[PDB]
Structure formats: structure tokens, C-alpha cells
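Read the structure below first, then the notes.
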Amino acid sequence: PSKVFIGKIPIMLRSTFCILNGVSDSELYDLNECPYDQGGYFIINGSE
Amino acid sequence: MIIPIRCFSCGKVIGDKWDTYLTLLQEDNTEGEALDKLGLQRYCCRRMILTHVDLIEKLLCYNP
């Protein structure tokens with residue numbers, strides 16, 4: 001094939017394919033997050 | 001964040017009376033009623049240690 005890049009798609013926090021998903025509470029802090037956040041939002045251009 | 005210290009209505013100090021409070025409702029099998037053993041006859045302020053949220057253990061773990 002060719003595996004070529006085609007623009008970029010903004011991910012939604014706490015998803016099946018997010019950077020967190022299966023992360024334990026004790027490890028959410030290390031990352032400066034909050035065990036209460038329930039995702040739902042996008043952080044495009046720096047703002048929710 | 002941490003007990004208020006000095007109840008809202010009276011002056012009765014409550015900064016002292018928590019390091020000892022929590023060591024009963026989860027460490028002596030006494031009731032919410034146990035605070036009565038801390039000189040809390042008034043409403044009053046005694047709804048101070050009771051209606052409180054320990055928001056610092058869960059805030060302190062953000063180390064710079």
C-alpha cells in the first residue's frame with residue numbers, strides 16, 4: 001500500500017482510544033488530572 | 001480544605017477537635033453521637049466537624 005498521513009482528528013478525553021481510559025485513581029494524579037473528571041469534552045486550541 | 005477552626009456561629013475552637021474526632025467514627029465504634037464527648041451541646045458549631053469535607057488529602061497529592 002503506502003501508509004500516508006491524511007490530516008488530523010481531535011480525540012475525546014477518556015475514551016476507548018484515549019491516553020487514559022484504564023488508568024487507576026492513584027495514577028491519575030501523577031498526571032495532574034482529577035479522578036472526578038468524567039470526560040465528555042474536547043480540548044481543541046487549548047480550551048474545553 | 002481542613003476543618004474551619006472556630007465555629008461559624010460561636011467561637012468554640014474546632015481546629016483542635018478533629019485529629020481526635022475522626023479517631024472515633026472510624027476508630028472506636030461510637031456513633032455520630034460520639035462527638036457529644038467533645039463538648040458539643042450547641043447545634044451549632046457541632047455541625048462543623050460533621051458537615052465537613054477533608055479536601056486536602058485528595059488535594060495534597062499533586063506534588064510539584
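Convention: chains lettered A, B, ... in C-alpha cells order; per-chain residue numbering from 1; ligands numbered from 1 as shown.
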
*Hey, what's within 12 Å of residue 47 of chain B if we count only C-alpha atoms and toss same-chain stuff fewer than 2 positions away? As a PyMOL selection string, please?*
chain B and resi 3-4+6-10+14+32-33+35-36+40-45+49-53

Give me the residues of chain A that have any atom at most 7 Å from an atom of chain B; for each, the nearest atom pair and the distance in Å, rounded to one decimal. Use only C-alpha atoms, sort by chain and number, and format it as CSV.
```
residue,atom,partner,partner_atom,distance
A:29,CA,B:62,CA,6.1
A:30,CA,B:62,CA,6.7
A:32,CA,B:62,CA,6.5
```

Suppose we keep C-alpha atoms; can you now write the selection as a PDB file, in the first residue's frame?
```pdb
ATOM      1  CA  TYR A  29      -2.937  12.458  39.999  1.00  0.00           C
ATOM      2  CA  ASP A  30       0.653  11.887  38.835  1.00  0.00           C
ATOM      3  CA  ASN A  32      -2.255  16.340  37.049  1.00  0.00           C
TER       4      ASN A  32
END
```

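Between atom CA of residue 15 of chain A and atom CA of residue 42 of chain A there is a distance of 11.1 Å.
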
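Atom pair atom CA of residue 20 of chain A / atom CA of residue 8 of chain A: separated by 19.6 Å.
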
*Near residue 16 of chain B, within 10 Å and counting only C-alpha atoms, which residues show up once chain neighbours fewer than 3 positions away are dropped, as an MDAnalysis selection string?*
chainID B and resid 3 5:6 13 19:21

For N, CA and C atoms, I'd like the residues from the last selection saved as a compact mmCIF listing (two decimals), in the first residue's frame.
```
# COMPACT_ATOMS: atom_id res chain seq x y z
N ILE B 3 -10.55 21.41 58.54
CA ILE B 3 -11.55 21.95 59.45
C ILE B 3 -11.46 23.44 59.47
N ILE B 5 -11.79 25.68 61.88
CA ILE B 5 -11.23 26.29 63.10
C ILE B 5 -12.07 27.46 63.54
N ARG B 6 -12.63 27.39 64.74
CA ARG B 6 -13.63 28.36 65.20
C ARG B 6 -14.98 28.22 64.47
N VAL B 13 -13.53 26.72 69.65
CA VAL B 13 -12.46 26.29 68.76
C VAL B 13 -12.70 24.88 68.22
N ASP B 19 -8.47 16.03 64.68
CA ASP B 19 -7.44 15.00 64.74
C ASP B 19 -7.89 13.93 65.74
N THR B 20 -8.76 14.34 66.66
CA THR B 20 -9.34 13.45 67.67
C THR B 20 -10.74 12.97 67.27
N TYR B 21 -11.48 13.80 66.56
CA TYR B 21 -12.81 13.39 66.15
C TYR B 21 -12.76 12.16 65.27
```

*asked:* To one decimal place in Å, what is the distance between atom CA of residue 34 of chain A and atom CA of residue 10 of chain A?
replied: 21.0 Å

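Looking only at chain A, the set that DSSP places in alpha helix (DSSP H) from backbone geometry is residues 25, 26, 27, 28, 29 and 30 of chain A.
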
Emit the selected residues as a CSV table (one decimal), in the first residue's frame, including C-alpha atoms.
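After the write, selection_4.csv holds the following:
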```csv
chain,number,residue,atom,x,y,z
A,25,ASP,CA,-7.1,6.7,40.5
A,26,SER,CA,-3.7,6.7,42.2
A,27,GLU,CA,-2.1,7.2,38.8
A,28,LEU,CA,-4.4,10.0,37.5
A,29,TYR,CA,-2.9,12.5,40.0
A,30,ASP,CA,0.7,11.9,38.8
```

*Any idea what's packed within 9 Å of residue 12 of chain A, counting only C-alpha atoms, ignoring anything in its chain fewer than 6 positions away? Could you give it as a ChimeraX atom specification?*
/A:18,39-43

Could you write out the selected residues, including C-alpha atoms, as an mmCIF file, in the first residue's frame?
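Heads up, here's the output in out.cif:
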```
data_model
loop_
_atom_site.group_PDB
_atom_site.id
_atom_site.type_symbol
_atom_site.label_atom_id
_atom_site.label_comp_id
_atom_site.auth_asym_id
_atom_site.auth_seq_id
_atom_site.Cartn_x
_atom_site.Cartn_y
_atom_site.Cartn_z
ATOM 1 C CA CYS A 18 -7.605 7.850 24.772
ATOM 2 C CA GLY A 39 -14.527 13.105 30.101
ATOM 3 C CA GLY A 40 -17.126 14.151 27.568
ATOM 4 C CA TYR A 41 -15.162 17.048 26.150
ATOM 5 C CA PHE A 42 -12.507 18.039 23.636
ATOM 6 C CA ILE A 43 -9.512 20.278 24.261
#
```
